[PDB]
Amino acid sequence: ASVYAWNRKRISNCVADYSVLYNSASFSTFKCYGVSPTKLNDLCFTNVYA
Amino acid sequence: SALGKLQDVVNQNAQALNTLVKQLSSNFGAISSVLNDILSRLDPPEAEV
């Protein structure tokens, strides 16, 4: 959906796999703020939102 | 209350030590006050700042 009612997916009780996310080259802009692009497979987040 | 001069020095030293310890709970403008978090969440080129 466009930016008027932007969807919000609350992911929980999972095992994230950002390693296959930032190593697919199917993205044009991958900028991480607060955290580094890598070093995300060694962290355990409380609540993530897509 | 007679031994007040001897207790004041101990109290001042304890307050100085407690303040020096509590000064480690501050970020001083950073994102966290723990070096481990900064080093495990940021890359070396961006964590030195």
# chains A, B, ... in the order shown; residues from 1 in each chain; ligands from 1
>>> closest_atom_pairs(of="chain A", to="chain B", cutoff="9 Å", atoms="only C-alpha atoms", output="JSON lines")
{"residue": "A:34", "atom": "CA", "partner": "B:42", "partner_atom": "CA", "distance": 7.5}
{"residue": "A:35", "atom": "CA", "partner": "B:41", "partner_atom": "CA", "distance": 5.1}
{"residue": "A:36", "atom": "CA", "partner": "B:42", "partner_atom": "CA", "distance": 4.7}
{"residue": "A:37", "atom": "CA", "partner": "B:42", "partner_atom": "CA", "distance": 8.3}
{"residue": "A:38", "atom": "CA", "partner": "B:43", "partner_atom": "CA", "distance": 7.9}
{"residue": "A:39", "atom": "CA", "partner": "B:41", "partner_atom": "CA", "distance": 6.5}
{"residue": "A:40", "atom": "CA", "partner": "B:41", "partner_atom": "CA", "distance": 7.5}
{"residue": "A:42", "atom": "CA", "partner": "B:40", "partner_atom": "CA", "distance": 7.9}
{"residue": "A:43", "atom": "CA", "partner": "B:41", "partner_atom": "CA", "distance": 7.7}
>>> write_last_selection(atoms="C-alpha atoms", output="mmCIF file, in the first residue's frame")
data_model
loop_
_atom_site.group_PDB
_atom_site.id
_atom_site.type_symbol
_atom_site.label_atom_id
_atom_site.label_comp_id
_atom_site.auth_asym_id
_atom_site.auth_seq_id
_atom_site.Cartn_x
_atom_site.Cartn_y
_atom_site.Cartn_z
ATOM 1 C CA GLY A 34 21.752 2.951 14.896
ATOM 2 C CA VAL A 35 23.088 -0.516 14.063
ATOM 3 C CA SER A 36 25.633 -1.631 11.485
ATOM 4 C CA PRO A 37 24.548 -3.352 8.242
ATOM 5 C CA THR A 38 26.399 -6.494 9.331
ATOM 6 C CA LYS A 39 26.616 -7.742 12.938
ATOM 7 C CA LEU A 40 22.835 -8.229 12.905
ATOM 8 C CA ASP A 42 24.710 -11.696 16.514
ATOM 9 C CA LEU A 43 21.952 -9.619 18.131
#
>>> select_by_dssp(residues="chain B", states="helix (DSSP H, G or I)", output="PyMOL selection string")
chain B and resi 4-22+35-41+44-47
>>> closest_residue(among="A:44, A:50, A:32, A:3", to="residue 15 of chain A", atoms="only C-alpha atoms")
A:44
>>> atom_distance(atom1="atom CA of residue 12 of chain A", atom2="atom CA of residue 48 of chain A")
7.2 Å
